[PDB]
Each structure stands twice: as structure tokens, then as C-alpha cells.
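Quick notes on the structure that follows.
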Amino acid sequence: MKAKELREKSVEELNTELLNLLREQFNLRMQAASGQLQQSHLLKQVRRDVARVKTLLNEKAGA
Amino acid sequence: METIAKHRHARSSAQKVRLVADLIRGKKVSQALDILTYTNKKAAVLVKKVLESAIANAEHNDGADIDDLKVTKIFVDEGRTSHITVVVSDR
Amino acid sequence: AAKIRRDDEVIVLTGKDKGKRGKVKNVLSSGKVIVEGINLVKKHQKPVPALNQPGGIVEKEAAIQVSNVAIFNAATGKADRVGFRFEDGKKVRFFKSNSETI
RNA sequence: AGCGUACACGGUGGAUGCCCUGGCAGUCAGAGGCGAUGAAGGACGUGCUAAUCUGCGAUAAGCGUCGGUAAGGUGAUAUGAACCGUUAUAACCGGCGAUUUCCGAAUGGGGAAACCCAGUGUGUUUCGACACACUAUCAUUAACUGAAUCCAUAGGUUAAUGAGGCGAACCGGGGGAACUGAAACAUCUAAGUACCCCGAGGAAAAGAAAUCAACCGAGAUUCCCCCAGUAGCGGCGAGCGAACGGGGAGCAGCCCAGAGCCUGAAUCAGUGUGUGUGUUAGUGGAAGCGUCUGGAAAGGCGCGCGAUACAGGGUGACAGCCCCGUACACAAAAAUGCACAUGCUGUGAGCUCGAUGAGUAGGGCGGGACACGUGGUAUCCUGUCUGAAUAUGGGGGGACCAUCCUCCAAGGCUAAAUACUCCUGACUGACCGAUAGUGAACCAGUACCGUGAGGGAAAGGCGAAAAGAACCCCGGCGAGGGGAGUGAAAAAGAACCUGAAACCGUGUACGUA
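Residue numbers (full-length UniProt numbering), protein chains in the order written: chain A, 1 to 63; chain B, 1 to 79, 99 to 110; chain C, 2 to 103.
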């Protein structure tokens, strides 16, 4: 996780992170607001993963 | 056998409750209930609650002898709130 | 390095459990341990119809300090202390009294 | 009957007494400042949250890489829901790096502190919009252009230095209060005290003699001791208060003054390597069984062990032999201050000579003002100039020249000891015990007051362990109490540190119109 995604090129990382932010983050926040998803582990996992990916793509390329 | 019923920090003046209770000292519990039924004094309600709680506790704990139950001790302590205490036993 | 961890055989030195052995399942961060069938308590819990109320008094376990429990080894049958030794590529705990390895 | 006499039962308790997740005062070290690459402090968000401390900043109780640790942790308040993995990619601690909202000196402009409105270049494009950097400030340095004016100068643009303020102290200077003593008080101490600014500072200033003597001498500056609380000053009153001399920390005098000579000679600042010692997460690191009380043993007793470790702390009361720890022995992937041997650009070794600081000192010449109005009276320049010698001119000293010596235009500059802690790290207190101690031990600069600044309280102690009175009954589905149970203990009950009277009620026995 910490290093496996490091070697991925910028294009695929951008595609996957934008996919996540646009679809799955919206779905998770909607589910949380609706009262479902009794277990919040998925929320933390997805939020941390999106934070990781967005934090990247700047030091990997252009720096 | 002894039964104790007390209520702390009552929202009434100590002297009023003391003078209301003084009218009941030495009277039979069965007659005391009738006396307090029509009593218009404000402390009458609280003393009635105390005595009914006392007899209820006696029934829960004591086996019998409620009919001959007598009001043995009654007093009030200054709290101005007040603390009412009543001790009732058959003897 | 934690001298006491999950599922460790110990004997309680004090607290109405002198010489009665037990197996600690976990150790609290404050220095307390949880050994089943050692210190039984009769907790009075507030009933609640939901959340699977245990029902009346709960015969549960209370936590005890690590100081009150000493590790037990079957080699000598008596509780002793523990030291640390360097293996080929790791550090591991070992008992006393001829230095039995855990 | 009603009191009085005392006893017991309690409650209002609150005299007294014990402690602290707290303060206060000292000792040893770094720091003795930060920042336009945007200081501190505020506004607003980041938690499965109804709310808070701390952390963080739309990437937001967290991020990437490298080390130690690693089986519990996801910071807690303060529980609960839900999680991962459990011997190496859970998580924790640290070193280095990226994001790091707005206001705030607060910087594109406006503006009302957390507010609003833009431009340029770069991208991108769903050709609608969105992201990145820059856009205040004056002079100076270099460059391209450059008027009135041919050049120049000013002016226009660019890259670099200089500050957009805050912050405890002092260096030297500028100014600049009140109060008090003088029996009140004009002068004065007060007091150069309160207060503001200036240059940079962590130390600063000063730092090497026509400066003292008195005929003999120590010889750079600063701090301290005796000197000395003396001489002296003081309506010689209150009070203030020396110097010399002798000792402690310290003790570096050189340099431009210009020519030559031989010279890249020791030395200086900068600039790589290696070593050692710290910071920078940490590793290891000894020893008891039984008996009896005791809520629980660390308590009384017996026999044994190490001690370079009996410093300290926790564990139901007092522990070397329970643990954390101490001494002692070790450790750093990368950064890291300090010392050296060490690669290199420059200042840059030492000898002879005078040079000895020129319209310079002195002499001055009328003024204003230096507090100094000449009063005890001295200092700035000017209206200005003659103007020495060139350490050959002298230098001031009490029988003229005193014999004697000086030091004067060299410096510039020079480090040592020395005032202080806003804050940080380590240690200590015969300092205090919640009206003490900090105002504030408790979510205290907190409720609250105050436009802001600022001012500003009361409230600490349950139970070792919440294991917090399960349950039942009365009661109003409350409050409250009683049985039962936990708790050694509930004469420990959440209003829970021990708790006497004063004060208020009940019973007890005596006498009591």
C-alpha cells in the first residue's frame, strides 16, 4: 500500500483518485447521512486512501 | 420491630411542618390517616406521604400487626428546606 | 518489550488469590491484567431491554495490577522473574531458575 | 402543664487537623529571537459526537521517506458503535521532507479582524468554467533605454541587499513625572525615579595615557573585596558618600601611517574528507519461601541471595530480593553543534629607515547657551585666520630652569571576567497547604464586569479498586425513603478528606402553679 502504488504512473493514479472522489466518496457520505452503514471502518479506509492519493501526484511528478 | 420513613430537603418551612405534626403526635395511625385526609395544611400532604410510605415499607418488610401500628416518633429538622422523619412501630 | 501479553500463565501473589494460577488474556495500558476465573465481581448493572442486557447482577472479572501477578513456569512449578535474551536475530523473553526460554 | 438540670440520639456543622495532577524562590546549561519563503495572536473547519484540552489546516486529532519500538492500538475528557493486525507495511516515538483556510506588520485594490472586488503569465478545457506563480513599499548595486539637453541627469523596466511588527532585561544618549525627607517648604535628596524614542546587540559600553602622583611610583578596559561606611559633602542637620593603596576573575598589544628586501613563510575567514564527543527514538541491566494477624502485608517472626545497583516511584498499610527503575555496560538509517589531521581562492611571515597623522593642535578673535544669568563657573559652533614643530615643538608637576621623567594627533581595532531571564532542558527547597500558595492546584486570565485594552472571582479531596445501592416496594412514570445486594466498611452512598462547640429537634430520670 505505502510502496506498491508508488511505482504507478501519474495518469492511472489520477484516474483512480478522481473515480474514487467522484463516486465512492459521494456514495459513502450519502450512506452516512442516511443512517445506514453501521460500521464506519469503510469510511475511515476510503477517506485515508483518498487523502493518500491526493497527497501524492505532486511529489511524484513535477517535483 | 421498627419502621422508619424520612424525606430530606422538603420544600417547606421547618416550623410549619413541626407545628402540623405536633397536632398528630400520640394519635393512632388509622385515625391519623383520617385526620390528615381532610387537613388543609400544606404540610398535611407531605406528612401523609411520609406515613403512607412508612406503612408500605412495614408491609413490604414486616409480616403483620399493621392494624395496631402507632405513630411513635415524628420530628422535623431545619434544612428554608426541611427534613421530615417518622418512626412507627406496633409497640 | 512487554513482559506480560495475551494468554500468559501467571499466579496472583496477593488479593485473596495467593497461589491460585490463571491465564491472562490481555494487559491494560495502565498496568492492569485480565485473568479469567481469578477475581470475580458482582457488578450491579442498569437493566436495558435493548443491547442484550446480561440480566440482573453480572458475575464479571475485575482487573488487577501486574505487580500482584508473577509469571508461572511448569519447569519448576514456582513463579519466577523474566529476563531478555538475544536470539540469532531477535530478542525473546526467558524465565529464571536455570533460565527457561518462553 | 412549662421551664431548669444533665445523659443519649441525631441534623445545621466547620473550630481544628492531613494531602495534592499547583504555585513561589534558588543552582547548572543552551537560547539568548522570529519571520515577505508571511512572527505571535485571533475567526472558522478537521473526531462514528451533543460539547472540550491538545494536534492539524479543505491533503486539515492527519501526510511521504528513514531508523528504534511494536501487540495493542485507533490522543484523551468519558464511555459506547466499528475497526486493523498481533514478530514486522497494526500502532507508537523520533530525524528529514509535501499540503499547511481567512484575518492578523498583513503586501493587487477596497475594507469594518477573520469580509468583498480584480489584473498579468502559466496551464487546462465540458471552449461555460476551474488550478498554479506573481501583482504595496522607498533608496542603493548592475544592466537595457533615456528626455528638458548633444552626452549626462531625472524618468520607464528588469535581477540582488536593505523593513514593514512583535518580544523580559540592559549599553550610551535624548528628553522626562508624581510622592517623600528637610517638623511645612522656595534650592536639593527625592529622581534622573514613572514614562517614550533612538544604532545593533546578547551581552553591551569602554578597552591601551599631554589619563593619576609630586619628585619616589603600578602602568589596556570592566566586575568584586578590604579601603570604608572612613576622608569629604550635607540649614556640616536629616542623609549622602571618596580617592590612593593592597588583593580575587581577567591580563594582547598590535595594526594603516610606504619604500625597499627577500615571502604565497606562522596567522585569519571561507570551502570537502576522516575521527572522537553530544543532540537526535532507544537496548540490556539481582536477588524470598513459609507461619499469624491484618479488607488486602510492603506488617511481627525464621532461615538464604547480590550490592560498583539500599537514588527514587507504583503495587488494598511501611518492599533491595513484585514491577518500573538506579548504578553500570551499550546504541543512530539520515540530520546534527563542538574539536582537531586534512584538499583549495584570497587577507596574508619576518629585517633597515624615517614616516609620528598641517591650515591639525594650541592661540584665538562678538555673540546665543551650554542649569551654569561670569554666580564657585565652564562648555558648542561661529565672522575668521596666523599657525608651529613634525617624539628636532614640548610635557606638568610647591627654592627660577626645580634634578628626574613624561606622553601629546594614534589610532581604527582588540577577547577574557561583568547586569538580566519572555522562553527552553536538568536539579534543589527545614517555602505554602485551596481566603495559604499564583488572582487562578477545579478546562482561570474562567463565570462575570468592561466598546476594546484591561479588570476579574467562588468552586479541590467518594470509593485502593465505580466493583456506583442488582432487584422489589411505596411513591406522582418524579423527588424521597425502606427491605435486598455490592462494597471489610454505605457510623464510606455520587451533597460521598477526619470532623467539637456554637445553633435546631426527639427520648431518658429528677424537682417543677
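Even for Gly, the Cβ is constructed at its ideal location relative to N, Cα and C.
Cβ-Cβ distances below 8 Å link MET30 (chain A) to nothing in the same chain once the five nearest sequence neighbours on each side are left out. Setting aside the 5 residues that flank it on each side, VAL59 (chain C) is surrounded in the same chain by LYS44 and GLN46, each with a C-beta closer than 6 Å to its C-beta; the list follows chain order. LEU23 (chain B) is positioned such that its CB atom lies no closer than 8 Å to that of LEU51 (chain B). The beta carbon of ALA54 (chain B) sits closer than 6 Å to the beta carbons of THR3, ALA5, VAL105 and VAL107 from its chain, once the five residues preceding and following it are set aside; these are given in chain order. Taking all protein chains in view, the Cβ of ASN15 (chain A) is surrounded by fewer than 16 other Cβ atoms within 10 Å, so the residue is classified as exposed. DSSP lists C:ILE35 as the bridge partner or partners of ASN27 (chain C).
Within the model, the alpha-carbon separation for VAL34 (chain C) versus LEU14 (chain C) is close to 13 Å.
Per DSSP, the continuous alpha helix (DSSP H) segment holding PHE26 (chain A) begins and ends at 25–34. For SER13 (chain B), the secondary structure class from DSSP, reduced to helix, strand or coil, is coil.
Under the Cβ criterion (8 Å, minimum of three pairs), the region 35–43 of chain B does not count as touching the region 56–66 of chain B.
Annotation for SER30 (chain B): the continuous alpha helix (DSSP H) segment containing it runs 29–37. Beta bridge pairing from DSSP links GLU8 (chain A) with no other residue.
Here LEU57 (chain A) has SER10, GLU13, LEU14 and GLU17 as same chain residues with Cβ atoms under 8 Å from its own Cβ, once five neighbours each way along the sequence are excluded.
With fewer than 16 other Cβ atoms inside 10 Å of its own Cβ, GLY26 (chain B) counts as exposed.
For the set A:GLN45, A:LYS60, A:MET1 and A:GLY62, the Cα lying nearest the Cα of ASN20 (chain A) is the one of A:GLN45.
Contact fails between the region 76–91 of chain C and the region 47–67 of chain C, because fewer than three Cβ pairs, one in each stretch, are under 8 Å apart. Following the DSSP letters along the chain, one finds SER53 (chain B) inside the alpha helix (DSSP H) bounded by residues 42–61. The Cβ atoms of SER98 (chain C) and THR77 (chain C) lie closer than 8 Å to each other. In this structure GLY20 (chain C) does not touch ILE65 (chain C) by the C-beta definition: roughly 15 Å separates them, more than the 8 Å allowed.
As the crow flies, the alpha-carbon of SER34 (chain A) is around 42 Å from that of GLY32 (chain C). A check of alpha carbon separations from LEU22 (chain A) across A:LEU6, A:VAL50, A:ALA63 and A:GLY62 identifies A:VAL50 as the nearest.
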